[PDB]
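*Asks:* Sharing a structure below in structure tokens format, with a few things to ask.
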Ligand SMILES: CO[C@H](C(=O)O)c1c(C)nc2ccc(Br)cc2c1-c1ccc(Cl)cc1
Ligand SMILES: CO[C@H](C(=O)O)c1c(C)nc2ccc(Br)cc2c1-c1ccc(Cl)cc1
């Protein structure tokens, strides 16, 4: 599985929208609570993600997510292409587990991302260790 | 220079606040436009950063930035310690250069972060390549 492949989806919780990007080869996650499922939020999230990792292609489970000119302009600019688990259920589990530790869901979501990315898998490395290892190896 | 060291500061542009985190050993940047310079925004940004990279210690040029219980609770939770260029001027340059390409400053800022992190330095690697190389080497 290519190191440049990400999957991006939205989930709903507490009337709010959680955008979840998963680095496919590693299981590493970035996520953000957005006010609305909009082309503009998606484009913005893509720019942010691409500035941080070498994002080559993005997949989704809802293709209509990527049809706005706003989104296609963000991929154009960042040089991203499209195509055309669930680690989303596990993230939601974690969120429920830490939910009480924070007032705002947005805070709980970042706690859950932290926990997911740092958890030793294979009982081995964490997803946070695997992404860095995968991308460095691909560089050299 | 230890791989776990980050510097975090706020700048002002267009009446808005830009929080800038710099990975010291590599020059890699993460940044975000926040509505207000608040303990809560800083804590939230720290949680997000720590979920993504192995953040051990954070430095700042304004120590009072880190005195709220809100912020100290985020470091406590994420296991971050404190202490007690400018690549901020260069980021501001980039921002001015792409400013016209976007309506919202927040969008321009992410474009500038992208450009900064992908630029081949030493004419060599980009900051995005160096951080991954530094952190992977430190893992193995
Ligand atoms: C960053 O937003 C937090 C939240 O959504 O609950 C928040 C907020 C909004 N207010 C706080 C006030 C005092 C203290 Br002590 C901690 C917080 C916290 C807080 C909650 C959990 C952590 Cl790990 C760090 C800070
Ligand atoms: C994401 O927020 C953008 C901005 O701050 O200017 C935005 C916004 C807010 N609206 C757009 C509407 C149509 C088209 Br085409 C592009 C955009 C864009 C846009 C601007 C630049 C890029 Cl690279 C991608 C999208």
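Residue numbering in chain A adheres to Swiss-Prot, whereby the residues present occupy positions 1203-1286, 1299-1337, 1340-1356 in order.
Determination method: X-ray crystallography, 2.1 Å.
Backbone N, Cα and C define each Cβ position, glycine as well.
Not my notes, these are from Swiss-Prot:
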{"type": "BINDING", "residues": "A:1211, A:1263, A:1299", "note": "Mg(2+) 3 binding site"}
*Asks:* So if I measure Cβ to Cβ from residue A:1299 (Mg(2+) 3 binding site) and keep only same-chain residues at least 6 apart in sequence, which ones fall under 8 Å?
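*Replies:* Those within reach of residue A:1299 (Mg(2+) 3 binding site), by Cβ under 8 Å and sequence separation of 6 or more, are A:1209, A:1224.
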*Asks:* Taking the mean position of the Cβ atoms of A:1211, A:1263, A:1299 as the Mg(2+) 3 site, which residues outside that list, in the same chain, have a Cβ no more than 8 Å away, listed in sequence order?
*Replies:* A:1209, A:1224, A:1261, A:1262, A:1300, A:1302
*Asks:* Can you tell me the three-state DSSP label for residue A:1299 (Mg(2+) 3 binding site)?
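*Replies:* Where residue A:1299 (Mg(2+) 3 binding site) sits, the three-state DSSP reduction gives coil.
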*Asks:* Please give the Cα-Cα distance in angstrom between residue A:1337 and residue A:1340, rounded to a whole number; the 2 residues between them are not modelled.
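*Replies:* Between the Cα atoms flanking the 2-residue gap there are 7 Å.
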*Asks:* For the stretch where 12 residues weren't modelled, take the C-alpha of residue A:1286 and of residue A:1299 and tell me their separation in angstrom, rounded to whole.
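*Replies:* The gap of 12 missing residues is bridged by a Cα-Cα distance of 18 Å.
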*Asks:* DSSP secondary structure for residue A:1263 (Mg(2+) 3 binding site), reduced to helix/strand/coil, please.
*Replies:* coil
